[PDB]
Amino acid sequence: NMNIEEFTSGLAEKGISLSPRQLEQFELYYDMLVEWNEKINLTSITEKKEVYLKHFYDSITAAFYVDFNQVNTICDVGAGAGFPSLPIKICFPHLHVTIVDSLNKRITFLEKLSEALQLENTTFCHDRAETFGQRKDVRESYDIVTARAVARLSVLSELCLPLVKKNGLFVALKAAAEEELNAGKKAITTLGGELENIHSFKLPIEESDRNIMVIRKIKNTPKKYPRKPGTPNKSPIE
């Protein structure tokens, strides 16, 4: 239920002023997302104002709490539709963005999307996150690793923290309890992280709860993590 002006003015209030190019990039993103969503499952939400609020604005909220001007490289362990890293990339076009996804059909969408949007320095990798994080080339190589996921925090941490460089950040965009946070906290410590902040707020208009967790990579991840594809899900660290 967010119109273009509410989108534009909402971001302006948070220090993000969109150019005509950036605004056209979001229009194109919307068009392509809904078109490809006819071919494959990419989004549960297709009404334009809903997508602007729940995908674009929701993704960009990360930038309200972490300063993307101070970093260079992002890795997104995503749901295949580019959230939240691509809206962030549109807002912060200096960023080098990598997205890893397990479905090649979604990788194809992201490649076409990036080309249409004329994005520079984007890398899309068809891979299981468990496989990706063991690769010598990418392990502990990113300034910020983002994930907007339903995944249990303990599972998400195993997938994400091994990709964060020492002293970098893992930023988790979530919608909420005490039990999974507690298990999450223990996994985070095991994986070489330290929880810095949980920011709790509501999405505008809808007023639904959101939480963003910012975790600092304070030491190296043990070599055993991430475990083999499917192991984190079957037997989460905590």
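Note that residue numbering follows the sequence shown and begins at 1.
Visitor: Looking at the deposited entry, does 4-12 or 227-235 carry the larger mean Cα B-factor?
Guide: Looking at the recorded C-alpha B-factors, 227-235 comes out higher on average.
Visitor: On mean Cα temperature factor in this entry, is 148-156 or 89-97 the higher one?
Guide: Looking at the recorded C-alpha B-factors, 148-156 comes out higher on average.
Visitor: When you compare the CA B-factors of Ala63, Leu53, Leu181, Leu173 as listed in the entry, which one comes out on top?
Guide: That would be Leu181, according to the entry.
Visitor: Per the PDB entry, which option out of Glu194, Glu27, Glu38, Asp58 has the greatest Cα B factor?
Guide: If I rank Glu194, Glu27, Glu38, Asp58 by C-alpha B-factor, first place goes to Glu38.
Visitor: Compared with the other modelled residues in the chain, in which third is the CA B-factor of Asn121?
Guide: Within its chain, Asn121 is a middle-third residue by C-alpha B-factor, going by the deposited values.
Visitor: Looking at the C-alpha B-factor of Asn220, is it in the lowest, middle or highest third of its chain?
Guide: Answer is highest: the recorded C-alpha B-factor places it there.
Visitor: Mind checking which third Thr73 falls in for C-alpha B-factor across the chain?
Guide: Bottom third by C-alpha B-factor.
Visitor: Comparing against every modelled residue in the chain, figure out the third that the C-alpha B-factor of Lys48 lands in (lowest, middle or highest).
Guide: Middle third.
Visitor: Determine, from the deposited record, the chain-internal third of the Cα B-factor for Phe109: lowest, middle or highest.
Guide: Middle third, going by the recorded CA B-factors of the chain.
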